[PDB]
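Visitor: Residue numbers (the authors' numbering), protein chains in the order written: chain A, 1 to 544; chain D, 2 to 291, 294 to 544; chain B, 2 to 541. Even for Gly, the Cβ is constructed at its ideal location relative to N, Cα and C.
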Amino acid sequence: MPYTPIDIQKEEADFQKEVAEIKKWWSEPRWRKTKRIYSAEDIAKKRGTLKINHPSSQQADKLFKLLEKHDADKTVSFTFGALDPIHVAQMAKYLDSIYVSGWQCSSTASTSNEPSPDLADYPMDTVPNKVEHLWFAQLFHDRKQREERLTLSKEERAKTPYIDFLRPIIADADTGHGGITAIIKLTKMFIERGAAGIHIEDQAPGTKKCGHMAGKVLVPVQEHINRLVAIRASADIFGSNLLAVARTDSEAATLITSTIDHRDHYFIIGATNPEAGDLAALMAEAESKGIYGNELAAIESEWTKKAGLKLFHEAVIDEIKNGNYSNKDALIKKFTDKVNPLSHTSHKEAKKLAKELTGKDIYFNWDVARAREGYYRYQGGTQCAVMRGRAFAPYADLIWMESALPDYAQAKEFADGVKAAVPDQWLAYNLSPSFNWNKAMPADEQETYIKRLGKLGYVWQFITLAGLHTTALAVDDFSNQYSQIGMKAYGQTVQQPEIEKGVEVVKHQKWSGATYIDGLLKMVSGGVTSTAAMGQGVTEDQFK
Amino acid sequence: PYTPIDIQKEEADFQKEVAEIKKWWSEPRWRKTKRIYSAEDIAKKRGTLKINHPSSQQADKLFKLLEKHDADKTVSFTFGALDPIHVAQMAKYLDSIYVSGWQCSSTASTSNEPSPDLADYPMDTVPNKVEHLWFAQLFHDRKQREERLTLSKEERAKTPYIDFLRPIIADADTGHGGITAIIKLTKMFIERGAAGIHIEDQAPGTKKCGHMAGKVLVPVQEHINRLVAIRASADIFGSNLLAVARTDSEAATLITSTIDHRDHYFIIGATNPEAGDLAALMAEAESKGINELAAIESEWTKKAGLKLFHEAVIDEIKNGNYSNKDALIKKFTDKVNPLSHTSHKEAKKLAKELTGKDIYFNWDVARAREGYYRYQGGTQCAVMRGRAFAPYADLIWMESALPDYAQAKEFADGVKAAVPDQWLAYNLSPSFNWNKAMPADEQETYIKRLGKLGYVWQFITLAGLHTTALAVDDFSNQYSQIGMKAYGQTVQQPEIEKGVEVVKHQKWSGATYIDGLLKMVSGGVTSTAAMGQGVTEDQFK
Amino acid sequence: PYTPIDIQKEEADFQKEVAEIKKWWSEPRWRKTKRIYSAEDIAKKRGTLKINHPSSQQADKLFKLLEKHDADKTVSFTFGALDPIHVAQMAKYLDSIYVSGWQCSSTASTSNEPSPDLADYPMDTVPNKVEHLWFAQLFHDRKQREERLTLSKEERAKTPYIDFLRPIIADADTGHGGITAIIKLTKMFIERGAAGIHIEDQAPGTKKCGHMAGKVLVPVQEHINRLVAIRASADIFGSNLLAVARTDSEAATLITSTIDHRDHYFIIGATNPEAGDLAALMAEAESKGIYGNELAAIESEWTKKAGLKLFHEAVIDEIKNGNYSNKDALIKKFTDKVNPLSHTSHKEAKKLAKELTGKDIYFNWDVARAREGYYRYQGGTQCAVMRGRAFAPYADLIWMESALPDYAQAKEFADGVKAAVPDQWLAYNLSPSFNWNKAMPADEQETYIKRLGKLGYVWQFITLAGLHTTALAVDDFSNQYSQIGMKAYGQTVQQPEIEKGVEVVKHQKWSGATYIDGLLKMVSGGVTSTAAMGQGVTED
Ligand SMILES: [Mg+2]
Ligand SMILES: [Mg+2]
Ligand SMILES: [Mg+2]
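The structure is reproduced here in structure tokens:
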């Protein structure tokens, strides 16, 4: 009684069966460029006795094929950040994918209902819940529309247009909201709640900024790789072709949590002056004696000038330039050809070479330049981002570099840089409203900007905050009119325009799925019911 | 501006699906399942994207499990689980699992606001509770599979197996509103791991526990429509979800309408023409600022001579100028009785033929102030409603005020006479005092005995509540008296001796499972391993 | 169209509020509470609309309750509650209530996805669990007041009173992210009925249970800032919320940064110049597809060669095996200046070692780093005292996780902390992660709490007791149930419930049926046909 018996032979057989099924799965064309560091054995062991098929995975497939065709045609899947079921329902007419924004979720959709700026400090399940919000709306309107169609004749169907409500969703996972085990659980939720793809950034959690905020802290290249692996591990266990997007904030970031990773060393800023002591501790000693405010910032600005902060290669070049060396231009090139952004040369190794080339132990101390929190100083730009792009590419179906402006040149630099080493890598671009767009570009360029980036291989592009702003404009404008001119504002500003532009929602009972539900009502009540919602009396005969 | 489609492929796929549904419905699972809509009707309700809810597999597992029990005339017996701990330990011993609405009211409302069993928590409360347990089952299944498959074949065969994935049957109360509500409620239950749900012929605004008083019923048809609506939902979203129909008509004394002919036999009315509207009489007395009021009711009731119409017909004949009286009752009783579905107009017509009176009967006047009609159910009323629900319901269930074998037999026999292959379910309620109601020898065999009558699923609704309540109160008492000795003595030693898996709680909670995931992702090795050297569970070896 | 405002009244109200806060902060409750911001700073953070969270009253109740316990040298002892049933029965016997993160991981995640104690459920999980219990407490308090006040004065005095409203102390783990996270987490805890919350100096998303292994610490200052952030939140939203500081430094072996001078003593490094970067050596071996236990072989080899120790161990070692006179006396020059509590930075300690020996004694803690980048760390009880003292200004209770229930160690830590902060309340985990019949005999068990009470551990809790009592009870009954049917329920549960006076066996009354019938009749003008506890109910 007290337990359940099992056939031990059938157990092994089923295990082996599954291992093979996974191996076959992984051999599909979808995974052609997808590096996995674990075995199918490793994954099968993690699964349970009961297989579950998450429909989100079908939208992953739909997304991958959709992006394949776009890459082949050198054209773009362009979308923006959806707020709510209304957005996805109207978007589906025009666009072929859908972005769920963490920024927008912070302000409008936290599960504690407590809003914030884009700090990813809402509870973990916030964006996953937002996807389900939209997912389930998509599914509902798809269900509504199918009934509307199939209660028409074949003759009538062919007249009435079709909306594909089921546009694949790509959702913000921020920095993964904690460790590896967190990221697995976060991914699990995203899969369960209808995510076609999720993106994830090489920032430290709980210093997490928007892409165009300041004071961004990075994590070691490997640490963020492990994040991407962890997503994949989760998707492999629970059986989704979930797309993974890797984001780097290293264009603009000035800080990093550790020096542990050799790839980062080139970019870690340090002091060239032996006399400079620990800035962190110097500030602490000045603060404890009640120096505060702008007189304290004086001591920093003094220490920084004295410390001579730079990247180690700048320091090597500086030694050679101002030094007793015969053939200087040629001697920098010996160093720069071996040691550069992409070259992955550790610091020990780069010092060793500098010694060979100059005969000095050139002094360099990046411990002393640390911030009070302990972060190391860091000088990324586009080339740093390429370095990290390349590193992530094996693990990531799309690659994405946050930029401070909508600069074509920079976008090309990054695209070219990445594709040189991984030419088949899909890229993604933030079309951010954090840019002033009429200040940055004339309108002729605006019109073609997406297309142009499409050529460089940015197959997925999104305006992160467009849903926020369209809504914000619309509601403010109407509220203003409403306050001035009463119900005329509604006739004039909203409802007439809705009719003229063919917007489906103005017939809002039908749109909301009333005739769909009347179907379910009659069906259950044996064909007929006295409480029919769209029967004689409904006030939508005023819209015919 | 839109998306184009092949209109021909549309129709083709539609037709494909209609056929798939027809084939589905023809499976042995649906052998007794009446459907009042077509496969066409259902396919039209579905979307373009098929979704497979794993809950449905647990429905299958539950059905087969109950099939075998019915065939062997034995019982799947379980009780009301509170939380992941319960299901994890229950899975060792029991083969199904009950999620109680009563318990959810007190312990698991989604607003966190507790209550007595009134089903006035938010609708998603029990569906969320199932997912609570569902996901725990799935997790511990996942944990255990890793533990096993990292052992050798030699070692596996030594270590026992737990089937964590016991099918869940969950309280849907009265469906928490109209038909559209019930569809949406069922959808959630399917999505969140329900193998089966049960649903009761009470009115929603007034929903009681089964062993509370003042229970209001709904018309037979109305509750049938509820069951149909569940089935409609399960059909659309593609689950073999089991439906359980409950009737509270054993004890209930009120009903919302007289509209349904089947109910008429049981609707109580006044035999005295002189009695006026009780409701309005009370209202007039209250508005003049009148226990003295309850006096006016108790007077009106005696004067009104309340009874069932057949009692009134029998009474007329008995105390009447009629020659062959016993034989004249039987003419009426054979045609008009609990199971006979005879409307009131029809029963009056016959009474006129048999006596020559329009025997006076007014059930409007006996109405409660809220408007409910008065109602006298018992076990035979419940059989009537059982039979009515049976076509629409995989299990049938009659709430009882006591654990009475005779009554249980009466109801089982009564239902099976008309539907002999109908599975039955029985509440083994802690609302009964069980040592007062029978001796312990009978207690031991009570489930088995009901199994013979065909009660294939039985549950103690509130057992999880009470075991926990005892355990925590007892330990808290000890704890307060003799400190940490209470824990060594009352809990942790017993845990070791009884082999309870949770005392090694790091392992039980799935730490070694997650360390697996951690190492796997970190390329085989990691410095932050949770069950590495240092963990204090080497004190349990 | 905007709204106008009196600019003068604005300033006046601002100033009014600043003063109200200053007065608040001067109350006896904050006598030991260091604040690094002004009342100005806080008032600016508040809105125009004052909100009073009832949780704060339970904070007061908790503080006074602990005051009296400290004065009497006795203990508020409790354990980890699962659900409304627990708090309702606990309230009879105990005077505070613990909400466990460990238990929440397994039983109460808001995604419904369970786990081991990794604090990787969503942030709102424990806050939601407090509200679960909070609202139950409030409900049963409300039920009981109606029951009492519908009795006569004569009858009231016969029927016993339960204080359902026992203050709740809840697990905040490591705060679930940065400072802004911790503010938001604290806000929720206040809104949802937390009397106090506790918080640990581990790194987030490596977060372990206290008695799991591979624990990573954060710099002393970083965890101080966490405690400040709690206080900042409680100050803004106006709770006397108690803050508990936990340190996992007894057992922890890793730390995220070396930035904080206080930590330096405890940071482990390599004494062998020849040892190169372990991290990078592992990375090169991994990228060639060495994995698993053969990789851990390369580590175990490198570690032996590297000669890992604390810098002072290295200084002592140099002097001991060295050409020095007066060796014993020369260690003491160093140890008296440089030790666990002495806060001596590494540069400073090397400088002294040079003065005392004339070597730059080699020490490299960068090379011993784990692959994730963590530095190696050797805490014990003295490290924990160091951190206790550091946290004490910011924390109403102090708490050191221990691997065993060892009296000596508990005394060491209590004495150590109170030496520098003698009025500091302490808290102790009475963990079921210990085997308790293996660790001590039963005579000692009975008195163990009391004895720790003397040392000043005013709040003690069994973290996982709710889990285990329930686990035993359900497993045992399920077993019986399966063996002897309904007899098991009569015998194992319901009879015992009657005999032990447990209130819940009359479960309709307990659940508040007669309370709600009250509300029903009241609204229906005195009378109703659908009364839940009328004639017919089976509780007669
Ligand atoms: Mg965002
Ligand atoms: Mg119930
Ligand atoms: Mg905890």
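Using 8 Å as the threshold, is the segment 133-152 of chain A in touch with the segment 34-54 of chain D, meaning 3 or more CB pairs across them?
Guide: Yes, the segment 133-152 of chain A is in contact with the segment 34-54 of chain D.
Visitor: Whole angstroms are fine: how far does the CA of B:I200 sit from the CA of B:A246?
Guide: For the purposes of this step, residue 246 of chain B is identified with residue 245 of the third sequence, where counting begins at 1. For the purposes of this step, residue 200 of chain B is identified with residue 199 of the third sequence, where counting begins at 1. Straight-line Cα distance between these residues: approximately 5 Å.
Visitor: In terms of residues, what are the limits of the alpha helix (DSSP H) holding B:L243?
Guide: Counting from 1 along the third sequence, the entry for residue 243 of chain B is found at position 242. Unbroken run through B:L243 is the beta strand (DSSP E), 243-248; no alpha helix (DSSP H).
Visitor: Please list, in chain order, the chain B residues whose beta carbon lies closer than 7 Å to that of D:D164.
Guide: Along the second sequence, one-based indexing puts residue 164 of chain D at 163. Per Cβ cutoff of 7 Å: no residues; D:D164 is ~13 Å from chain B at best.
Visitor: Checking 8 Å against the spacing of the C-beta atoms, do B:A354 and B:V316 come in under that value?
Guide: Here the question's residue 354 of chain B lines up with position 353 in the third sequence. Here the question's residue 316 of chain B lines up with position 315 in the third sequence. Yes.
Visitor: Distance check for A:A171 and A:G457, CA to CA, integer angstroms please.
Guide: Translated into positions along the first sequence, residue 457 of chain A becomes position 457. Translated into positions along the first sequence, residue 171 of chain A becomes position 171. Computed Cα separation, rounded: 21 Å.
Visitor: Quick one: what does DSSP say A:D444 is sitting in, helix, strand or coil?
Guide: Residue mapping note: residue 444 of chain A aligns to position 444 of the first sequence, counting from 1. DSSP places A:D444 in helix when its eight states are reduced to three.
Visitor: Buried or exposed: where does D:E302 fall if 16 or more other Cβ atoms within 10 Å of its Cβ makes it buried?
Guide: Looking up residue 302 of chain D in the second sequence gives position 299. Classification of D:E302: exposed, given that the 10 Å Cβ count is below 16.
Visitor: Which residue wins for smallest C-alpha separation from B:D477, given the options B:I198, B:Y490, B:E373?
Guide: On the third sequence, position 476 is the one that residue 477 of chain B refers to. Closest by alpha carbon: B:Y490.
Visitor: In chain order, what are the residues with a CB under 5 Å from some non-hydrogen atom of ligand 3?
Guide: So the residues near ligand 3 by this Cβ test are B:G102, B:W103, B:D172.
Visitor: At a Cβ threshold of 8 Å, is B:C210 touching chain D?
Guide: Counting from one through the third sequence, the residue named residue 210 of chain B turns up at place 209. True, the Cβ-Cβ gap to chain D drops below 8 Å.
Visitor: Do you know whose CA, among D:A233, D:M91, D:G48, lies nearest A:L139's CA?
Guide: As a working mapping, residue 139 of chain A is identified with position 139 in the first sequence. Here the closest residue by C-alpha is D:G48.
Visitor: Flag D:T464 as yes when its Cβ comes closer than 7 Å to any non-hydrogen atom of ligand 2, and as no otherwise.
Guide: In the second sequence, residue 464 of chain D corresponds to position 461, counting from 1. Yes, the beta carbon of D:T464 sits closer than 7 Å to at least one heavy atom of ligand 2.
Visitor: Less than 8 Å between CB atoms is the rule here; does A:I6 satisfy it with respect to chain D?
Guide: Taking the first sequence and counting its residues from 1, one reaches residue 6 of chain A at position 6. Chain D, which has a Cβ nearer than 8 Å to the Cβ of A:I6, makes this yes.
Visitor: Of the choices B:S432, B:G467, B:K412, whose alpha-carbon is the least far from that of B:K455?
Guide: To locate residue 455 of chain B, count along the third sequence from 1; it is residue 454. Measuring from the Cα of B:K455, the nearest candidate turns out to be B:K412.
Visitor: Are the segment 59-68 of chain A and the segment 65-84 of chain D touching, with three or more C-beta to C-beta distances below 8 Å?
Guide: Result no; under three Cβ-Cβ pairs closer than 8 Å.
Visitor: Consider the C-beta atom of D:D118 and the heavy atoms of ligand 2; say whether any pair is separated by less than 7 Å.
Guide: Taking the second sequence and counting its residues from 1, the one referred to as residue 118 of chain D is at position 117. Yes - ligand 2 has a heavy atom lying nearer than 7 Å to the Cβ of D:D118.
Visitor: Name the one or two DSSP bridge partners that A:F462 has.
Guide: Translated into the one-based positions of the first sequence, residue 462 of chain A becomes position 462. A:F462 pairs with A:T79, A:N430.
Visitor: In chain B, which residues lie less than 7 Å from D:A404 when you measure between Cβ atoms?
Guide: The residue given as residue 404 of chain D occupies position 401 in the second sequence. Within chain B, the residues near D:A404 are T539.
Visitor: From this set, A:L166, A:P205, A:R193, A:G197, which residue's C-alpha is nearest residue 580 of chain A's C-alpha?
Guide: For residue 580 of chain A there is no data in the structure shown, the boundaries of chain A being 1 and 544.
Visitor: Rounded to whole angstroms, what is the Cα-Cα separation between D:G277 and D:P220?
Guide: For the purposes of this step, residue 277 of chain D is identified with residue 276 of the second sequence, where counting begins at 1. For the purposes of this step, residue 220 of chain D is identified with residue 219 of the second sequence, where counting begins at 1. So the two alpha carbons sit approximately 25 Å from each other.
Visitor: So with Cβ pairs under 8 Å, would you call B:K352 a contact of chain A?
Guide: Counted from its first residue, the third sequence places residue 352 of chain B at position 351. No, B:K352 does not count as interfacial toward chain A.
Visitor: What span of residues does the beta strand (DSSP E) with A:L398 cover, start to end?
Guide: Walking along the first sequence from the start, residue 398 of chain A turns up at place 398. First-last of the beta strand (DSSP E) with A:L398: 398-401.
Visitor: Please tell me whether B:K69 has its Cβ less than 8 Å away from any Cβ of chain D.
Guide: Reading the third sequence from its first residue, position 68 is the one you call residue 69 of chain B. For B:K69, the answer is no, since every Cβ of chain D falls outside 8 Å of its Cβ.
Visitor: So D:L242 packs on D:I180, CB below 8 Å; how close in whole Å?
Guide: Along the second sequence, one-based indexing puts residue 242 of chain D at 241. Along the second sequence, one-based indexing puts residue 180 of chain D at 179. Not confirmed; about 16 Å, so no contact.
Visitor: What residue range is occupied by the uninterrupted alpha helix (DSSP H) comprising B:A89?
Guide: Position 88 of the third sequence, counted from the start, is the residue given in the question as residue 89 of chain B. Looking at the DSSP string, the run of the alpha helix (DSSP H) that includes B:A89 is 85-91.
Visitor: Taking the continuous beta strand (DSSP E) assigned at A:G277, which residues delimit it?
Guide: Looking up residue 277 of chain A in the first sequence gives position 277. Run containing A:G277: none; DSSP gives neither H nor E here.
Visitor: Can you look up A:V475 in the DSSP assignment and give me helix, strand or coil?
Guide: Taking the first sequence and counting its residues from 1, the one referred to as residue 475 of chain A is at position 475. If DSSP states are grouped into helix, strand and coil, A:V475 belongs with the helices.
Visitor: So the alpha helix (DSSP H) A:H141 belongs to, where does it begin and stop?
Guide: Numbered from its first residue, the first sequence carries residue 141 of chain A at position 141. That run of the alpha helix (DSSP H) goes 126-150.
Visitor: Using Cβ-Cβ distances below 7 Å, what residues of the segment 118-136 of chain A are close to chain B?
Guide: Within the segment 118-136 of chain A, the qualifying residues are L119, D121, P123, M124, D125.
Visitor: Leaving out the 5 sequence neighbours to the left and right, which residues in its chain are closer than 6 Å to B:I256 when beta-carbon positions are compared?
Guide: Numbered from 1 along the third sequence, position 255 holds the residue referred to as residue 256 of chain B. Taken in chain order, the residues that qualify are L218, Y376, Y378.
Visitor: To which residues does DSSP link A:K310 through a beta bridge?
Guide: Position 310 of the first sequence, counted from the start, is the residue given in the question as residue 310 of chain A. Paired residue(s): A:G270.
Visitor: B:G197 lies in the beta strand (DSSP E); which residues open and close that run?
Guide: Your numbering for residue 197 of chain B matches position 196 in the third sequence. 197-201 is the extent of the beta strand (DSSP E) around B:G197.
Visitor: Counting only Cβ pairs nearer than 9 Å, list the residues of chain A close to D:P55.
Guide: In the second sequence, residue 55 of chain D corresponds to position 54, counting from 1. By Cβ distance, chain A contributes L50, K51, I52, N53.
Visitor: Sort B:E295, B:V418, B:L83, B:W437 by Cα distance to D:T539 and report the nearest one.
Guide: Numbered from its first residue, the second sequence carries residue 539 of chain D at position 536. D:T539 has its Cα closest to that of B:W437, out of B:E295, B:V418, B:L83, B:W437.
Visitor: In its own chain, which residues sit with a C-beta less than 7 Å from the C-beta of D:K310, not counting the 5 before and 5 after it?
Guide: As a position in the second sequence, residue 310 of chain D is number 307, starting the count at 1. Cβ within range, chain order: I269, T272.
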